[PDB]
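Visitor: Sharing a structure below in structure tokens format, with a few things to ask.
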Amino acid sequence: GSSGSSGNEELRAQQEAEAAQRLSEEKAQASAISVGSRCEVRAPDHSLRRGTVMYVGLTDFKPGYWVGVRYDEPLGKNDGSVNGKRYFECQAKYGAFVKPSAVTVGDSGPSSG
């Protein structure tokens, strides 16, 4: 009786004071960037790139917050699906995974659209 799927009740407390006070800077940036808007990104890969926000939030392969951005040319690293977990829809070397602090919104919206 009583099937199983997803539990974790203690985590609810760990992600309240520990994953809130220390991750207040990353959260403020993660809870600001909109989805589906052209934004720039900075990294040691090569140079500045231009893509659109696809996913914004926590991850499975890495902790903290993350932001998915797709580019027109082959300037990505991941392929959307990392370690089985999928975020966006696109081929490889197109949708790179950076952080809010690493992201830069250039054209999100005046209010909503």
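Neighbour counts run over all protein chains shown; Cβ positions are idealised from the backbone, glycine included. Each value in this text was obtained by applying a stated rule to the coordinates, not by laboratory testing.
Visitor: Can you give the % of DSSP beta bridges in the chain that are antiparallel, to the nearest 5?
Guide: Details: 22 of 23 bridges.
Restricted to the chain, the bridges split so that about 95 percent are antiparallel.
Visitor: Report, by chain and number, residues whose modeled amide H sits under 5 Å from the one on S37, excluding near sequence neighbours (fewer than 5 apart, same chain).
Guide: Close amide H contacts, sequence-distant or interchain: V53.
Visitor: Could you let me know the centre-to-centre spacing of the stretch 19-46 and the stretch 53-113, using Cα atoms, in angstrom?
Guide: Between the Cα centres of the stretch 19-46 and the stretch 53-113 lies a distance of 10 Å.
Visitor: Please get the size of the charge dipole for the stretch 28-113, origin at its Cα centre, with Cβ charges of +1 on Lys and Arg and -1 on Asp and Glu, quoted in debye to the nearest 20. Before the final figure, lay out the partial values.
Guide: On the way: 11 positive and 8 negative charges, 33 e Å.
It works out to roughly 160 debye.
Visitor: Which listed residue (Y65, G4, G113) has the Cα farthest towards the positive end of the charge dipole for the chain, taking +1 on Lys and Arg C-beta and -1 on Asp and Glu C-beta about the Cα centre?
Guide: Checked the options; the winner is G113.
Visitor: Sequence-distant or interchain residues sharing an amide H contact under 5 Å with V82, placed H: which?
Guide: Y87
Visitor: Additional query: Could you work out how far apart the two model spin labels at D72 and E16 are, taking each label as a point 7 Å from the Cα in the direction of the beta carbon, and quote it in nm?
Guide: 4.9 nm
Visitor: To continue, here is another question. Using the Karplus equation 6.51 cos²θ - 1.76 cosθ + 1.60 (θ = phi - 60°), what ³J(HN,Hα) coupling, rounded to whole Hz, does each residue of the stretch 75-90 give in order, writing x for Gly and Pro?
Guide: 10, x, 10, 9, 10, x, 9, 10, 6, x, 7, 10, 10, 10, 10, 4
Visitor: Could you tell me how many degrees, from 0 to 90 and to the nearest 10, lie between the Cα long axis of helix 11-21 and the main elongation axis, the longest principal axis, of the Cα atoms of the chain?
Guide: 50 degrees
Visitor: Okay, moving on. Within the stretch 23-61, which residues have the backbone N less than 13 Å from the label spot 7 Å out from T104 along Cα→beta-carbon, could you tell me?
Guide: Output list for this probe position: 39-44, 47-51.
Visitor: Mind listing the phi-derived Karplus ³J(HN,Hα) values for the stretch 25-37, rounded to whole Hz, using 6.51, -1.76 and 1.60 with θ = phi - 60°, and x for any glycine or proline?
Guide: These are the phi-based 3J(HN,Hα) values: 6, 6, 6, 4, 7, 6, 9, 9, 5, 7, 9, x, 9 Hz.
Visitor: Which of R70, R12, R38 ends up with the largest GNM mean-square fluctuation for the chain, with Cα atoms connected below 10 Å?
Guide: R12
Visitor: Can you give me the long-range amide H partners of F97? Hydrogens built in the peptide plane at 1.01 Å from N, cutoff under 5 Å, separation of 5 or more residues or another chain.
Guide: For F97, whose amide H was placed from the backbone, the distant partners under 5 Å are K77, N78.
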